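Step one of this worksheet: look at the structure below.
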Amino acid sequence: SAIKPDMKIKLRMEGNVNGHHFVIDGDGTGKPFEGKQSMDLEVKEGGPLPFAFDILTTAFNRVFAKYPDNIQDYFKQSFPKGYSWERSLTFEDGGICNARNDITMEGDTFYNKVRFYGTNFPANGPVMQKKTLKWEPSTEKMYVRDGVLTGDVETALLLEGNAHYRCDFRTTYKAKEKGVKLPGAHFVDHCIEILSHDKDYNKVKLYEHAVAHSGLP
């Protein structure tokens with residue numbers, strides 16, 4: 001195995017939401033085989049961000065997911081050469097984002113080149129007014145569509161005042177190496193949380209736990 005039980009994470013995100021430019025660096029560690037990761041994020045340019053930090057967090061690697069023996073693990077078999085993903089996020093009030101990550105490995109470290117582009121967020125909506133509290137736990141449906149591994153998430157952000165703000169994500173995943181075999185259809189359960197933050201979310205500690213399963217308990 002190329003992948004160790006303890007791996008470092010290095011990340012740079014460049015992006016624009018509703019015209020606002022920003023650059024965010026990340027440093028972290030995780031346990032690929034237990035499906036757990038945490039990372040420290042720091043806004044380097046464009047802070048304080050004028051939109052809900054929460055919209056970025058699913059962009060800050062399905063290598064961090066506990067896969068049982070009976071599901072093909074496309075992500076761990078992609079290394080050391082690595083893989084990319086592209087994601088479209090569609091929010092219920094017309095906000096739309098496109099994100100991508102190119103993931104590489106050098107020694108004990110995953111490097112992440114992340115881009116995040118958002119537009120059409122209404123000025124009076126929860127993203128631009130900073131009314132989000134968290135992502136609900138979610139299930140990602142994994143299947144093959146025209147020869148490409150595809151994940152669908154139907155999820156929601158909890159808002160201030162007991163309301164939910166619905167999001168649908170579609171992610172396409174592509175190994176750099178031709179001839180990594182596609183998996184069968186399956187599920188990955190996700191829980192993402194902000195563990196700590198400073199006043200304007202210039203510094204954030206982020207955690208994710210993910211488990212692959214075939215639907216049964």
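So you can find residues: chains in the structure tokens are A, B, ... in the order shown, residues in each start at 1, and ligands are numbered from 1 in order.
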If we count only C-alpha atoms, what is near residue 106 of chain A at a cut-off of 12 Å, once residues fewer than 3 positions away on the same chain are taken out, given as a PDB file with C-alpha atoms, in the first residue's frame?
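File written: out_0.pdb
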```
ATOM      1  CA  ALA A   2       1.259   3.526  -1.031  1.00  0.00           C
ATOM      2  CA  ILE A   3      -1.127   5.001   1.625  1.00  0.00           C
ATOM      3  CA  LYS A   4       0.020   4.974   5.300  1.00  0.00           C
ATOM      4  CA  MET A   7      -1.194  10.941   6.318  1.00  0.00           C
ATOM      5  CA  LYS A   8      -0.609  14.730   6.284  1.00  0.00           C
ATOM      6  CA  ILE A   9      -2.816  17.112   4.246  1.00  0.00           C
ATOM      7  CA  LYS A  10      -1.636  20.369   2.549  1.00  0.00           C
ATOM      8  CA  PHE A  79      -2.351   6.576  -5.518  1.00  0.00           C
ATOM      9  CA  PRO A  80       0.426   7.392  -5.827  1.00  0.00           C
ATOM     10  CA  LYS A  81      -0.438   9.204  -9.158  1.00  0.00           C
ATOM     11  CA  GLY A  82      -3.713  10.577  -7.678  1.00  0.00           C
ATOM     12  CA  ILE A 103      -5.038  15.602  -5.462  1.00  0.00           C
ATOM     13  CA  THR A 109       1.437  14.069   2.316  1.00  0.00           C
ATOM     14  CA  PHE A 110      -1.660  14.651   0.095  1.00  0.00           C
ATOM     15  CA  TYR A 111      -1.415  17.994  -1.780  1.00  0.00           C
ATOM     16  CA  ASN A 112      -4.749  19.588  -2.801  1.00  0.00           C
TER      17      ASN A 112
END
```
List the spatial neighbours of residue 208 of chain A as a ChimeraX atom specification - criterion: any atom at most 8 Å away, only C-alpha atoms, same-chain residues fewer than 2 positions off excluded. /A:35-38,190-193,206,210
With N, CA and C atoms kept, could you save the residues just selected as a CSV table (one decimal), in the first residue's frame?
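Writing done, so here's out.csv:
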```csv
chain,number,residue,atom,x,y,z
A,35,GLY,N,-11.4,6.6,8.0
A,35,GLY,CA,-12.3,7.5,7.4
A,35,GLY,C,-12.4,8.9,8.1
A,36,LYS,N,-11.3,9.3,8.8
A,36,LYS,CA,-11.3,10.5,9.6
A,36,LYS,C,-10.2,11.4,9.2
A,37,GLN,N,-10.5,12.7,9.2
A,37,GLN,CA,-9.5,13.8,8.9
A,37,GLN,C,-9.8,15.0,9.7
A,38,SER,N,-8.8,15.8,10.0
A,38,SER,CA,-9.1,17.2,10.6
A,38,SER,C,-8.0,18.1,10.0
A,190,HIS,N,-21.5,10.7,5.4
A,190,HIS,CA,-20.6,11.8,5.7
A,190,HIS,C,-21.1,12.5,6.9
A,191,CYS,N,-20.2,13.0,7.8
A,191,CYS,CA,-20.4,13.9,8.9
A,191,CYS,C,-19.3,15.0,8.9
A,192,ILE,N,-19.6,16.2,8.5
A,192,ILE,CA,-18.6,17.3,8.5
A,192,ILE,C,-19.0,18.3,9.6
A,193,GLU,N,-18.0,18.8,10.3
A,193,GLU,CA,-18.2,19.7,11.4
A,193,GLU,C,-17.1,20.7,11.5
A,206,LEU,N,-11.6,22.0,11.1
A,206,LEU,CA,-12.6,21.2,10.3
A,206,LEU,C,-12.4,19.8,10.5
A,210,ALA,N,-16.2,9.7,7.4
A,210,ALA,CA,-16.9,9.1,6.2
A,210,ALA,C,-16.8,7.6,6.3
```
Per residue of segment 175-212 of chain A within 8 Å of segment 141-160 of chain A, which atom pair is closest and at what distance in Å (one decimal), using only C-alpha atoms, listed by chain and increasing number, as a Markdown table?
```
| residue | atom | partner | partner_atom | distance |
| --- | --- | --- | --- | --- |
| A:182 | CA | A:149 | CA | 6.8 |
| A:183 | CA | A:149 | CA | 7.9 |
| A:184 | CA | A:143 | CA | 6.7 |
| A:185 | CA | A:143 | CA | 4.4 |
| A:186 | CA | A:142 | CA | 5.2 |
| A:187 | CA | A:141 | CA | 4.8 |
| A:188 | CA | A:141 | CA | 6.8 |
```
Would you save the residues of that selection, restricted to C-alpha atoms, as a compact mmCIF listing (two decimals), in the first residue's frame?
```
# COMPACT_ATOMS: atom_id res chain seq x y z
CA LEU A 182 -14.48 1.48 -11.50
CA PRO A 183 -16.32 0.29 -8.36
CA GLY A 184 -19.89 -1.03 -8.20
CA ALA A 185 -22.61 1.33 -6.95
CA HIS A 186 -22.48 2.06 -3.20
CA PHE A 187 -23.05 4.72 -0.50
CA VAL A 188 -20.71 6.90 1.57
```
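Among A:162, A:29, A:216, A:209, the residue with the shortest atom-to-atom distance to residue 108 of chain A, counting only C-alpha atoms, is A:29.
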Would you pick out the contacts of residue 23 of chain A at 6 Å or less, using only C-alpha atoms, so that residues sharing its chain but fewer than 6 positions from it are not included, and give the list as a CSV table (one decimal) with N, CA and C atoms, in the first residue's frame?
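File written: out.csv
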```csv
chain,number,residue,atom,x,y,z
A,13,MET,N,-6.7,26.7,-1.5
A,13,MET,CA,-7.9,27.0,-2.2
A,13,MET,C,-7.9,28.4,-2.8
A,14,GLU,N,-8.1,28.6,-4.0
A,14,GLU,CA,-8.4,30.0,-4.6
A,14,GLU,C,-9.8,30.0,-5.1
A,44,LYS,N,-5.9,33.7,3.9
A,44,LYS,CA,-4.6,34.3,3.5
A,44,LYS,C,-4.9,35.7,2.8
A,45,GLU,N,-5.9,35.7,2.0
A,45,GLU,CA,-6.3,36.9,1.2
A,45,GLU,C,-7.9,37.0,1.1
```
